[PDB]
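K.L.:
Next up is a structure, given as structure tokens.
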Amino acid sequence: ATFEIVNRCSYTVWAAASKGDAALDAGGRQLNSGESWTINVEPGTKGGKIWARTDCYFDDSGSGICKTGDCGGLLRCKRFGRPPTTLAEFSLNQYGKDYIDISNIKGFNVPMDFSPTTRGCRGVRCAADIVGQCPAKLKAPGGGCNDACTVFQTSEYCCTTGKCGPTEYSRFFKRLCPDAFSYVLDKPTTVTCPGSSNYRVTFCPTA
């Protein structure tokens, strides 16, 4: 499957793509404002994620640091990134279908649209100014808006027992972005697409 990753932000981002225990394609790349990077993701990829990283520095070996979404200091991510990270999430070729969503469960750093480029389903978007409107207690000094689990580490926010409800914090993310997961047990906003669809992830789709 092809994913075209497009940076429409006015600032550089470092795109990342991983399934948690391995890179997808090269795993990461710099995208200047306006740049597009097309990656190939193996069919059957379960639990894949794409995200943006901001304010990164890498040396000639591709080691460094990002202020949001850092994946063990690598340019080419092999693991998931450090919150806050808006997440494009996907599982491909799962019994004949693809499943896509956007999640704020690990916080929000950059607005995103995640849409198919092929027929048969709709896209999802979280493009509101969540960082600007972020509650004081969730603001990440390094940049972005943390999820409550990251900040407070309670069973209720982290849904450790599989028994949790919405919270004042989850409701903030849900109010700004109804079409993204706001907590672990949120009413699913997952979209079912034909198996083997192709996609575009756009950072800053409205600006």
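We name chains A, B, ... following the order of the structure tokens; residues begin at 1 in each chain, and ligands are numbered from 1 as shown.
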With only C-alpha atoms counted and 12 Å as the cut-off, give the residues of segment 9-90 of chain A in contact with segment 120-128 of chain A, each with its shortest interatomic distance in Å and the pair that gives it, as JSON lines.

P.N.:
```
{"residue": "A:9", "atom": "CA", "partner": "A:127", "partner_atom": "CA", "distance": 11.3}
{"residue": "A:86", "atom": "CA", "partner": "A:126", "partner_atom": "CA", "distance": 8.5}
{"residue": "A:87", "atom": "CA", "partner": "A:126", "partner_atom": "CA", "distance": 9.8}
{"residue": "A:88", "atom": "CA", "partner": "A:124", "partner_atom": "CA", "distance": 9.2}
{"residue": "A:89", "atom": "CA", "partner": "A:124", "partner_atom": "CA", "distance": 10.7}
{"residue": "A:90", "atom": "CA", "partner": "A:124", "partner_atom": "CA", "distance": 11.8}
```

K.L.:
Could you write out, as a VMD selection string, all the residues of segment 120-197 of chain A that DSSP marks as helix (DSSP H, G or I)?

P.N.:
chain A and resid 130 to 133 136 to 138 148 to 152 155 to 158 168 to 176

K.L.:
Residues as selected, C-alpha atoms, written as a PDB file, in the first residue's frame, can you do that?

P.N.:
```
ATOM      1  CA  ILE A 130      -5.738  21.891  19.863  1.00  0.00           C
ATOM      2  CA  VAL A 131      -2.326  23.217  20.875  1.00  0.00           C
ATOM      3  CA  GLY A 132      -3.572  26.809  21.065  1.00  0.00           C
ATOM      4  CA  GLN A 133      -6.671  25.842  23.072  1.00  0.00           C
ATOM      5  CA  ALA A 136      -3.095  24.604  31.086  1.00  0.00           C
ATOM      6  CA  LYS A 137      -2.428  21.322  32.891  1.00  0.00           C
ATOM      7  CA  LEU A 138      -2.000  19.414  29.597  1.00  0.00           C
ATOM      8  CA  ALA A 148      -4.112  13.054  30.523  1.00  0.00           C
ATOM      9  CA  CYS A 149      -2.605   9.570  30.891  1.00  0.00           C
ATOM     10  CA  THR A 150       0.838  10.919  30.010  1.00  0.00           C
ATOM     11  CA  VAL A 151       0.472  13.758  32.500  1.00  0.00           C
ATOM     12  CA  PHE A 152      -1.170  12.019  35.463  1.00  0.00           C
ATOM     13  CA  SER A 155      -5.902   3.977  35.995  1.00  0.00           C
ATOM     14  CA  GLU A 156      -8.806   6.197  34.929  1.00  0.00           C
ATOM     15  CA  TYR A 157      -6.913   8.132  32.245  1.00  0.00           C
ATOM     16  CA  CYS A 158      -4.825   5.199  31.068  1.00  0.00           C
ATOM     17  CA  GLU A 168     -12.864  16.486  31.524  1.00  0.00           C
ATOM     18  CA  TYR A 169      -9.597  16.098  29.614  1.00  0.00           C
ATOM     19  CA  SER A 170     -10.839  13.561  27.058  1.00  0.00           C
ATOM     20  CA  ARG A 171     -13.901  15.722  26.428  1.00  0.00           C
ATOM     21  CA  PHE A 172     -11.608  18.611  25.479  1.00  0.00           C
ATOM     22  CA  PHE A 173      -9.990  16.590  22.706  1.00  0.00           C
ATOM     23  CA  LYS A 174     -13.390  15.245  21.623  1.00  0.00           C
ATOM     24  CA  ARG A 175     -14.932  18.718  21.496  1.00  0.00           C
ATOM     25  CA  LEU A 176     -12.134  20.081  19.289  1.00  0.00           C
TER      26      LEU A 176
END
```

K.L.:
Please provide the set of residues having any atom within 8 Å of residue 4 of chain A, restricted to only C-alpha atoms, with same-chain residues fewer than 2 positions apart removed, written as a PyMOL selection string.

P.N.:
chain A and resi 2+6+36-39+199-201

K.L.:
Write the residues of the preceding selection, restricted to N, CA and C atoms, as a PDB file, in the first residue's frame.

P.N.:
```pdb
ATOM      1  N   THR A   2       0.448   2.247  -0.740  1.00  0.00           N
ATOM      2  CA  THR A   2       1.185   3.494  -0.762  1.00  0.00           C
ATOM      3  C   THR A   2       0.516   4.501   0.144  1.00  0.00           C
ATOM      4  N   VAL A   6       2.166  14.279   3.179  1.00  0.00           N
ATOM      5  CA  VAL A   6       2.301  15.636   2.656  1.00  0.00           C
ATOM      6  C   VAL A   6       2.360  16.629   3.812  1.00  0.00           C
ATOM      7  N   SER A  36       6.281  16.352  -0.197  1.00  0.00           N
ATOM      8  CA  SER A  36       5.553  15.086  -0.162  1.00  0.00           C
ATOM      9  C   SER A  36       6.539  13.933  -0.189  1.00  0.00           C
ATOM     10  N   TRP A  37       6.263  12.916   0.624  1.00  0.00           N
ATOM     11  CA  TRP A  37       7.082  11.717   0.707  1.00  0.00           C
ATOM     12  C   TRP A  37       6.164  10.519   0.585  1.00  0.00           C
ATOM     13  N   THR A  38       6.387   9.668  -0.418  1.00  0.00           N
ATOM     14  CA  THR A  38       5.536   8.490  -0.588  1.00  0.00           C
ATOM     15  C   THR A  38       6.242   7.249  -0.078  1.00  0.00           C
ATOM     16  N   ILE A  39       5.583   6.544   0.834  1.00  0.00           N
ATOM     17  CA  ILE A  39       6.127   5.317   1.373  1.00  0.00           C
ATOM     18  C   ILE A  39       5.289   4.123   0.981  1.00  0.00           C
ATOM     19  N   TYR A 199      -3.485   5.655   0.496  1.00  0.00           N
ATOM     20  CA  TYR A 199      -3.836   6.739   1.416  1.00  0.00           C
ATOM     21  C   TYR A 199      -2.952   7.962   1.272  1.00  0.00           C
ATOM     22  N   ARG A 200      -3.431   9.076   1.815  1.00  0.00           N
ATOM     23  CA  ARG A 200      -2.621  10.278   1.958  1.00  0.00           C
ATOM     24  C   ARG A 200      -2.793  10.797   3.375  1.00  0.00           C
ATOM     25  N   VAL A 201      -1.673  11.072   4.036  1.00  0.00           N
ATOM     26  CA  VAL A 201      -1.694  11.725   5.334  1.00  0.00           C
ATOM     27  C   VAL A 201      -1.189  13.142   5.098  1.00  0.00           C
TER      28      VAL A 201
END
```

K.L.:
Report, in Å with one decimal, the straight-line distance from atom CA of residue 118 of chain A to atom CA of residue 77 of chain A.

P.N.:
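Atom-to-atom, atom CA of residue 118 of chain A and atom CA of residue 77 of chain A are spaced 26.9 Å apart.
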
K.L.:
Nearest residue to residue 92 of chain A out of A:72, A:44, A:205, A:111, using only C-alpha atoms?

P.N.:
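With only C-alpha atoms as the atom set, the closest residue is A:44.
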
K.L.:
Got a sec to tell me which of segment 82-166 of chain A DSSP assigns to strand (DSSP E), as a list in words?

P.N.:
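Strand (DSSP E) assignments inside segment 82-166 of chain A correspond to residues 87, 88, 89, 90, 91, 92, 93, 94, 97, 98, 99, 100, 101, 102, 103, 112, 113, 114, 115, 116, 124, 125 and 126 of chain A.
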
K.L.:
Just write the chosen residues, C-alpha atoms, as a compact mmCIF listing (two decimals), in the first residue's frame.

P.N.:
```
# COMPACT_ATOMS: atom_id res chain seq x y z
CA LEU A 87 -1.59 9.66 15.33
CA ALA A 88 -2.74 8.33 11.96
CA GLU A 89 -3.47 4.67 12.77
CA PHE A 90 -4.12 1.79 10.42
CA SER A 91 -4.44 -1.95 10.07
CA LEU A 92 -4.36 -3.26 6.52
CA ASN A 93 -5.81 -6.40 4.94
CA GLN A 94 -7.59 -7.54 8.07
CA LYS A 97 -10.67 -4.82 4.73
CA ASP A 98 -8.47 -1.91 5.85
CA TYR A 99 -9.21 0.05 9.04
CA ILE A 100 -8.11 3.65 9.58
CA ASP A 101 -8.49 6.28 12.30
CA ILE A 102 -6.92 9.31 13.90
CA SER A 103 -6.17 9.22 17.61
CA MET A 112 -3.77 16.01 10.33
CA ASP A 113 -6.05 14.63 7.62
CA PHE A 114 -5.90 10.91 6.85
CA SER A 115 -7.79 9.99 3.69
CA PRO A 116 -7.93 7.22 1.10
CA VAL A 124 -10.88 11.37 8.84
CA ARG A 125 -9.55 14.71 10.06
CA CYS A 126 -8.39 16.42 13.23
```

K.L.:
What lies within 8 Å of residue 184 of chain A using only C-alpha atoms, ignoring chain neighbours under 2 positions off, as a PyMOL selection string?

P.N.:
chain A and resi 105+158-159+181-182+186

K.L.:
Can I get the selected residues back with N, CA and C atoms, as a PDB file, in the first residue's frame?

P.N.:
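The resulting again.pdb:
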```pdb
ATOM      1  N   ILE A 105      -5.207   9.862  21.699  1.00  0.00           N
ATOM      2  CA  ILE A 105      -4.984   9.148  22.960  1.00  0.00           C
ATOM      3  C   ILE A 105      -3.579   9.382  23.505  1.00  0.00           C
ATOM      4  N   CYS A 158      -5.589   6.151  31.869  1.00  0.00           N
ATOM      5  CA  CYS A 158      -4.825   5.199  31.068  1.00  0.00           C
ATOM      6  C   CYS A 158      -5.655   3.966  30.692  1.00  0.00           C
ATOM      7  N   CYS A 159      -6.830   3.850  31.316  1.00  0.00           N
ATOM      8  CA  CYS A 159      -7.797   2.754  31.127  1.00  0.00           C
ATOM      9  C   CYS A 159      -7.152   1.400  31.354  1.00  0.00           C
ATOM     10  N   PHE A 181     -10.202   9.504  18.174  1.00  0.00           N
ATOM     11  CA  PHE A 181     -10.283   8.894  19.501  1.00  0.00           C
ATOM     12  C   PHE A 181      -9.755   9.839  20.571  1.00  0.00           C
ATOM     13  N   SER A 182     -10.528  10.028  21.639  1.00  0.00           N
ATOM     14  CA  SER A 182     -10.121  10.932  22.725  1.00  0.00           C
ATOM     15  C   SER A 182      -9.696  10.211  23.996  1.00  0.00           C
ATOM     16  N   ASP A 186     -13.271   5.277  23.849  1.00  0.00           N
ATOM     17  CA  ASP A 186     -14.135   6.193  23.127  1.00  0.00           C
ATOM     18  C   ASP A 186     -14.978   5.419  22.119  1.00  0.00           C
TER      19      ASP A 186
END
```

K.L.:
As an exercise, work out the distance from atom CA of residue 20 of chain A to atom CA of residue 107 of chain A in Å and give it to one decimal place.

P.N.:
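Atom CA of residue 20 of chain A sits 17.2 Å away from atom CA of residue 107 of chain A.
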
K.L.:
As a short mmCIF file (atom, residue, chain, number, x, y, z; two decimals) with C-alpha atoms, in the first residue's frame, please: the residues near residue 144 of chain A (cut-off 10 Å, only C-alpha atoms, same-chain neighbours under 2 positions excluded).

P.N.:
```
data_model
loop_
_atom_site.label_atom_id
_atom_site.label_comp_id
_atom_site.auth_asym_id
_atom_site.auth_seq_id
_atom_site.Cartn_x
_atom_site.Cartn_y
_atom_site.Cartn_z
CA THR A 54 8.65 18.83 15.38
CA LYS A 67 10.74 18.09 20.78
CA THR A 68 7.62 16.11 19.94
CA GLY A 69 7.30 12.53 18.75
CA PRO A 83 3.87 11.99 23.24
CA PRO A 84 2.40 14.40 22.43
CA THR A 85 1.75 12.99 18.96
CA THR A 86 -1.35 13.18 16.78
CA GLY A 107 -1.96 13.75 22.75
CA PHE A 108 -1.78 16.18 19.85
CA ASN A 109 1.12 18.00 18.21
CA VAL A 110 0.25 18.70 14.58
CA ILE A 130 -5.74 21.89 19.86
CA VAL A 131 -2.33 23.22 20.87
CA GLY A 132 -3.57 26.81 21.06
CA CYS A 134 -4.95 23.17 25.24
CA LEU A 138 -2.00 19.41 29.60
CA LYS A 139 0.31 21.88 27.87
CA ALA A 140 3.63 20.27 26.98
CA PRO A 141 6.49 22.70 27.68
CA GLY A 142 8.38 20.96 24.89
CA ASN A 146 -0.41 16.02 26.26
CA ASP A 147 -3.07 13.42 26.88
#
```

K.L.:
Pick from A:81, A:62, A:34, A:96: nearest to residue 195 of chain A, with only C-alpha atoms counted?

P.N.:
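Closest residue, counting only C-alpha atoms: A:96.
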
K.L.:
Kindly indicate which residue among A:192, A:63, A:18, A:117 lies nearest to residue 41 of chain A, using only C-alpha atoms for the distances.

P.N.:
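Among the listed residues, A:18 lies closest to residue 41 of chain A.
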